[PDB]
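First the structure, in the form of structure tokens, and then the observations on it.
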Amino acid sequence: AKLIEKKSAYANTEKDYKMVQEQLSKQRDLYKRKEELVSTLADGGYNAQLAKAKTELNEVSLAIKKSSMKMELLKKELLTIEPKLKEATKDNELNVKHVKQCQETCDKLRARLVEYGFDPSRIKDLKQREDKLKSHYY
Amino acid sequence: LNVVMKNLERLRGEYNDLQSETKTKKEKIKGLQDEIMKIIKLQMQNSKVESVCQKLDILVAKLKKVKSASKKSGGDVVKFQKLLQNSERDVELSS
Amino acid sequence: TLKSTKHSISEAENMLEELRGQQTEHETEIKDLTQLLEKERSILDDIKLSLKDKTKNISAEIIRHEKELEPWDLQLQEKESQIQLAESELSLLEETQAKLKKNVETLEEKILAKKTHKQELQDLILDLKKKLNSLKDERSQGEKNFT
Amino acid sequence: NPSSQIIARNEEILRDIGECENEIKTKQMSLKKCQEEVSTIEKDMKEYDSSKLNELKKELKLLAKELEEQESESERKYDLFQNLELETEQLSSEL
């Protein structure tokens, strides 16, 4: 019942987060309406709004320029590192081949080992069994 | 690094001519400041706004205290139900 | 059971008293906050009703200054923006440089640690050899006499 | 062999790059309002020139108040839900 109630409480918390987001949007709309009402204090205040809009447009243009410069730098870095990756792919393939040959050699030698008829865990278990047997014996 | 140093030197020069224009800009700004220095009620309005903000904070604290009191009442009701169950068990044990 | 019931009853009574006190304090605080908000609204209305400041000449001089600075507008501020538009990369290279420095600084320290590690490992190895001796010879003496 | 590790960075050299593109789009989104705001400023030149419309904005605030009315329950319900959650938690804790 508590797991069911915890699932219900998680659903209710998601609903409450959605309602809090809606309330934040409504509060932002109310603040915008209050600012528009207070802006009334015949175009004297339009100059400040035009200056603010021009500043916002300049900031957006600067952000776009910075993003384009970052994208160009990243593309140049990728084009410069592409030959480095093409050259390191050979070393990676060589390491993979060495790992594979080590795996196959270890597998063949383990087959030989199990063909020689010996197991460490089996011998240890048999020794412990003989130990407890002779223990109760004496 | 040297290219960027020459670039920032050119930026210092353009800031110098910007300050050359800012001479007259600040002259106009000082004219506007001397015109607007006539103004007061703004201090009383700011004090009233601060008092209203303090009252809103006190109201939020009172709402939080009311929520805590409701939670304490729920906990007390749960404790009273547990005590009633324990009293029934104790009556059965006494019988 | 009686001790538990008495403890629960005392806790319930204390919780009820605390809840009553908190409700009274919250009602008093709400009344005080409402009175303070009403007083602040009245003071704000009284200050706005008598807020004139003789803004005629102020607005005239502001309009004159704006019309004069129309050639000296924010077009200069953008000329300063390019400054930081360079300053960003003025750090960026160095940032990458610092990254390269980190690409070095991450190795030596830990490599140095590895050195110490293997060192003490060898030491421990030698130490084990010592106890190995004390495990062998005594063992050789542990049977015969015991036999 | 860490020479392939820088290759992974090359992958980032694309990934963040794409994000940068999105950032550019974000900037465009800002522009989609920024210049539009300028137009709105122009609308102000047509609005303030021809007064009581700000009072209508108060009605919009009333609409927001209506939303706040919903919030007056919603957040409250949320608080109740929180309390419920707390209760549930308490129950769980008890269990």
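Within the range C:83-106, track down each residue that is of a type in the set (A, V, I, L, M, F, W, C) and surrounded by 10 or more Cβ atoms within 10 Å (Cβ to Cβ). So that I can check it myself, show each step before the final result.
First, pick out the residues of the range C:83-106 that are of a type in the set (A, V, I, L, M, F, W, C): C:83, C:85-86, C:90, C:92-93, C:98, C:100, C:104.
If the condition is that a residue be of a type in the set (A, V, I, L, M, F, W, C) and surrounded by 10 or more Cβ atoms within 10 Å (Cβ to Cβ), then C:83, C:85, C:86, C:90, C:92, C:93, C:98, C:100 are the ones that fit.
Which residue is nearest to residue C:44 (Cα to Cα), if the candidates are limited to the range B:20-45 and must be part of a helix (DSSP H, G or I) and aliphatic (A, V, I, L, M)? Can you show your working first?
We begin by selecting, within the range B:20-45, every residue part of a helix (DSSP H, G or I); these are B:20-36, B:41-45.
With aliphatic (A, V, I, L, M) added as a condition, the list becomes B:29, B:32, B:36, B:42, B:44.
Details: B:29: 30, B:32: 27, B:36: 22, B:42: 10, B:44: 8 Å.
The selected residue is B:44.
Would you mention how many residues in the range D:55-81 are surrounded by 16 or more Cβ atoms within 10 Å (Cβ to Cβ) and at the interface with chain A (Cβ under 7 Å from one of its Cβ atoms)?
Looking only at that region, the number is 11.
Of the conditions (1) in a loop (DSSP other than H, G, I, E, B); (2) more than 7 Å from every other protein chain (Cβ to nearest Cβ); (3) on the phi < 0 side of the Ramachandran plot, residue A:72 fails just one. Which one is it?
Condition not satisfied by residue A:72: (1).
I need the full set of residues from the range C:23-58 which are facing chain B (nearest Cβ under 8 Å), assigned to a helix (DSSP H, G or I) and loosely packed, with under 12 Cβ neighbours inside 10 Å, in order please.
Result: C:48, C:57.
Starting from residues that are closer than 13 Å to residue A:72 by Cα and touching a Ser or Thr at 6+ places or on another chain (Cβ under 8 Å), keep the ones in the range D:1-22 and report whichever is surrounded by the fewest Cβ atoms within 10 Å (Cβ to Cβ).
Ranking the qualifying residues of the range D:1-22, first place goes to D:21.
Can you confirm whether the range C:70-82 contains a residue that is surrounded by fewer than 13 Cβ atoms within 10 Å (Cβ to Cβ) and either at the interface with chain B (Cβ under 7 Å from one of its Cβ atoms) or farther than 30 Å from residue A:63 by Cα (or both)?
No, the range C:70-82 contains no residue that is surrounded by fewer than 13 Cβ atoms within 10 Å (Cβ to Cβ) and either at the interface with chain B (Cβ under 7 Å from one of its Cβ atoms) or farther than 30 Å from residue A:63 by Cα (or both).
Residues that are over 37 Å from the mean Cα position of the chain (by Cα) and facing another protein chain (nearest Cβ under 7 Å): does the range B:20-29 have at least one? Explain how you work it out, then say what you get.
Going through the range B:20-29, the residues over 37 Å from the mean Cα position of the chain (by Cα) turn out to be B:20-21, B:23-24.
Okay, now just the ones that are also facing another protein chain (nearest Cβ under 7 Å), so B:21, B:24.
Yes: the range B:20-29 contains one or more residues that are over 37 Å from the mean Cα position of the chain (by Cα) and facing another protein chain (nearest Cβ under 7 Å).
Just to be sure I understand, how many residues within the range A:46-66 are within 7 Å of chain D (Cβ to nearest Cβ) and more than 35 Å from the chain's Cα centre (by Cα)?
From the range A:46-66, those within 7 Å of chain D (Cβ to nearest Cβ) are A:46, A:49-50, A:53-54, A:56-57, A:60, A:63-64; that's our starting set.
Okay, now just the ones that are also more than 35 Å from the chain's Cα centre (by Cα), so A:46, A:49-50, A:53-54.
Total satisfying the criteria: 5.
Tell me, please, whether a residue that is at the interface with chain C (Cβ under 7 Å from one of its Cβ atoms), charged (D, E, K, R), more than 27 Å from residue C:71 (Cβ to Cβ) and loosely packed, with under 14 Cβ neighbours inside 10 Å can be found in the range B:30-39. If you could, list the steps in order and put the result at the bottom.
Taking the range B:30-39 as the starting set, the residues that turn out to be at the interface with chain C (Cβ under 7 Å from one of its Cβ atoms) are B:31-32, B:35-36, B:38-39.
When the remaining residues are screened for being charged (D, E, K, R), the result is B:35, B:38.
After this cut, where a residue has to be more than 27 Å from residue C:71 (Cβ to Cβ) as well, the list is B:38.
Subsequent filtering for residues that are loosely packed, with under 14 Cβ neighbours inside 10 Å retains B:38.
Checked against the condition, which is being at the interface with chain C (Cβ under 7 Å from one of its Cβ atoms), charged (D, E, K, R), more than 27 Å from residue C:71 (Cβ to Cβ) and loosely packed, with under 14 Cβ neighbours inside 10 Å, the range B:30-39 yields at least one hit.
Can you name the residue in the range A:56-92 that is touching a helix residue (DSSP H, G or I) at 6+ places or on another chain (Cβ under 8 Å) and of a type in the set (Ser, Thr, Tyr) and is also surrounded by the fewest Cβ atoms within 10 Å (Cβ to Cβ) among such residues?
Out of the qualifying residues, it is A:89.
Taking the options A:16, A:43, name whichever one is facing chain D (nearest Cβ under 7 Å) and over 30 Å from residue D:86 (Cα atoms).
Answer to the check: A:43.
Could you figure out which of (1) within 7 Å of chain D (Cβ to nearest Cβ); (2) part of a helix (DSSP H, G or I); (3) in contact with a helix residue (DSSP H, G or I) (Cβ under 8 Å, 6 or more places away or on another chain) isn't true of residue A:95?
Of everything listed in (1) within 7 Å of chain D (Cβ to nearest Cβ); (2) part of a helix (DSSP H, G or I); (3) in contact with a helix residue (DSSP H, G or I) (Cβ under 8 Å, 6 or more places away or on another chain), residue A:95 misses just condition (3).
I'd like to verify a number: residues in the range C:1-22 that are closer than 30 Å to residue B:94 by Cβ and more than 7 Å from chain B (Cβ to nearest Cβ), how many? Spell out how you get there, then give the answer.
We begin by selecting, within the range C:1-22, every residue closer than 30 Å to residue B:94 by Cβ; these are C:1-17.
Of the ones still in play, those that are also more than 7 Å from chain B (Cβ to nearest Cβ) are C:3, C:6-7, C:10, C:13-14, C:17.
Of the residues in that region, 7 qualify.
Does the range A:30-42 include one or more residues that are part of a loop (DSSP other than H, G, I, E, B) and more than 30 Å from residue D:65 (Cα to Cα)?
Restricting attention to the range A:30-42, the residues satisfying the condition of being part of a loop (DSSP other than H, G, I, E, B) are A:39-42.
Within this subset, residues satisfying the condition of being more than 30 Å from residue D:65 (Cα to Cα) are A:42.
Yes, some residue in the range A:30-42 is part of a loop (DSSP other than H, G, I, E, B) and more than 30 Å from residue D:65 (Cα to Cα).
Checking the condition more than 8 Å from every other protein chain (Cβ to nearest Cβ) and either closer than 30 Å to residue A:91 by Cα or among the polar types (S, T, N, Q) (or both), which residue from D:15, D:9 passes? Walk me through it before giving the result.
On the way: D:9 fails: more than 8 Å from every other protein chain (Cβ to nearest Cβ).
Going through D:15, D:9 in turn, just one is more than 8 Å from every other protein chain (Cβ to nearest Cβ) and either closer than 30 Å to residue A:91 by Cα or among the polar types (S, T, N, Q) (or both): D:15.
Just a yes or no: is a residue in the range B:58-72 at the interface with another protein chain (Cβ under 7 Å from one of its Cβ atoms), assigned to a helix (DSSP H, G or I) and closer than 30 Å to residue C:57 by Cβ?
Within the range B:58-72, not a single residue is at the interface with another protein chain (Cβ under 7 Å from one of its Cβ atoms), assigned to a helix (DSSP H, G or I) and closer than 30 Å to residue C:57 by Cβ.
In this structure, does residue D:42 turn out to be surrounded by 15 or more Cβ atoms within 10 Å (Cβ to Cβ) and either part of a helix (DSSP H, G or I) or more than 8 Å from chain A (Cβ to nearest Cβ) (or both)? Walk me through how you get there before you give the answer.
Working: surrounded by 15 or more Cβ atoms within 10 Å (Cβ to Cβ): no; either part of a helix (DSSP H, G or I) or more than 8 Å from chain A (Cβ to nearest Cβ) (or both): yes.
The answer is no for residue D:42.
Among the residues of the range A:3-23, what is the count of those that are surrounded by 14 or more Cβ atoms within 10 Å (Cβ to Cβ) and of a type in the set (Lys, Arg)? So that I can check it myself, show each step before the final result.
So in the range A:3-23, the residues surrounded by 14 or more Cβ atoms within 10 Å (Cβ to Cβ) come out as A:5-6, A:8-9, A:12-13, A:15-16, A:19-20, A:22-23.
Among the residues that remain, those that are also of a type in the set (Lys, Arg) are: A:6, A:15.
Looking only at that region, the number is 2.
Methodologically, a virtual Cβ is constructed for each residue, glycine included, from the backbone with ideal geometry; neighbour enumeration extends over all protein chains shown. None of the figures in this text is laboratory data; all of them are computed from the coordinates on show.
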